[PDB]
Structure formats: structure tokens, C-alpha cells
């Protein structure tokens, strides 16, 4: 399996990343992910969060907004709650909120454990036939600009469309198949590429 790692995790999870690389048969690619900590399949993101930051309610709003931004790009989300190198109402409320919105939660005691959980998640995603199965850069930058598209979906577009023109003239079902996204997601991408630009709307 393949996992994509946000560049910013080189600062916050150096040992997560080296633990991932220490797992035989895992392809670990660090990428400019823009907020996303780990991408473990074509459809699933993982947010790694420190438990002490989950416990403080002044962070509650920022955490919610990061999850909202993840829901606009990914069909599936896991939160890994990781212990740092007293339990509160804010924290409990966060956990239940996540559960009500179907966001999966895992609990880790250290960065080595997090890596092992990330590996396990990618293995289970793989068995659900949504494994990452792809390796020009101008075209990646173009696809990445489509609103609410993930880095993996953009990479799928690069690798499965033989030209950018071929992608822009793709039906709703072609986008869904080649970009590896839900009908809802292919519709939003199709609507974007068909949207009639009007200057006076700025």
C-alpha cells in the first residue's frame, strides 16, 4: 500500500514518518498536502491531533474548522488522538460530535503507534478497493486548483487522463471512474469545468 504524508509532519511527526518507512512494503511519499496530515487511500484522510490540544476548549473551534475543510475534500475521515511526548467537557463533546458525523476515532500512545495505526488503516482501505495506485507537474498544479479536490484525486487525474483537454471534456461518469471519486464529487468537478464565468460577479 501507499500513504501520502503532509510535509508539515516532518516538523510534528518525524518519528511517525520514520516508523512508516521502517514498515516493509509500504510506499511512503511526503507531499505538499496543505493541511492534510495523512492520506491513506483514494478517499480517506487522517488527522493526527495531540490529546492535550483536544483537551483545551480554545482549540475546539479551530479543530472543527479543520474537520469541515477535510469534509469538503474527502469521503472518509479518521482522527488519531495521540498522547504528548484531566479530561474535560469540551473534549467529551468533541469526541461525541465526531461520532455523530461518522468521523472514525483512534487513540495512540506515541508516534510509533500512530504509524502502525496509519499502516493498518491503509491496509483496510486497500481491501475496500480504494487503494492509492498511482506514482507532468504543470497539470498537477492545474488540477489541485479545482475547489474541494484532494491531493490524491488531483494525482489520479494527472495519471489517468492522457491530456488536460481530455479531462475537461469528460462526462460525469468518466470523472468519477478516472479520478476515483463519488458521483457527488464528480458532479461538483463537472459543474466547475462547465461553469460560465461572468466578470461582473467579482
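Numbering follows the first chain given and starts at 1.
(request) Using what the record says, work out whether there is a hole in the model between residue 127 and residue 128 and how many deposited residues it spans (none, 1 to 3, 4 to 9, 10 or more). (result) Gap size class: none, per the record.
(request) If the chain runs straight from residue 32 to residue 33, say none; otherwise bin the unmodelled deposited residues as 1 to 3, 4 to 9, or 10 or more. (result) Gap between residue 32 and residue 33: none, chain continuous.
(request) Mind pulling up the entry and telling me whether 40 to 48 or 61 to 69 has the higher mean Cα temperature factor? (result) Per the PDB record, 61 to 69.
(request) Name the higher of the two by mean Cα B-factor in the PDB entry, 49 to 57 versus 140 to 148. (result) Comparing averages over the C-alpha atoms only gives 49 to 57.
(request) Please pick out which of 28, 168, 172, 155 has the largest Cα B-factor as recorded in the entry. (result) Out of 28, 168, 172, 155, the record gives the largest C-alpha B-factor to 172.
(request) Pull the Cα B-factor of residue 187 out of the PDB entry and bin it into the chain's lowest, middle or highest third. (result) It falls in the top third of the chain.
(request) Comparing against every modelled residue in the chain, figure out the third that the C-alpha B-factor of residue 122 lands in (lowest, middle or highest). (result) It belongs to the lowest third of the chain when residues are ordered by C-alpha B-factor.
(request) Using the B-factors in the PDB entry, rank residue 180's C-alpha atom against the chain and give the third, lowest, middle or highest. (result) For residue 180, the deposited C-alpha B-factor lands in the highest third.
(request) Going by the recorded CA B-factors, say which third of the chain residue 88 sits in, lowest, middle or highest. (result) Top third by C-alpha B-factor.
(request) Please place residue 2 in the lowest, middle or highest third of its chain by C-alpha B factor as given in the entry. (result) Within its chain, residue 2 is a middle-third residue by C-alpha B-factor, going by the deposited values.
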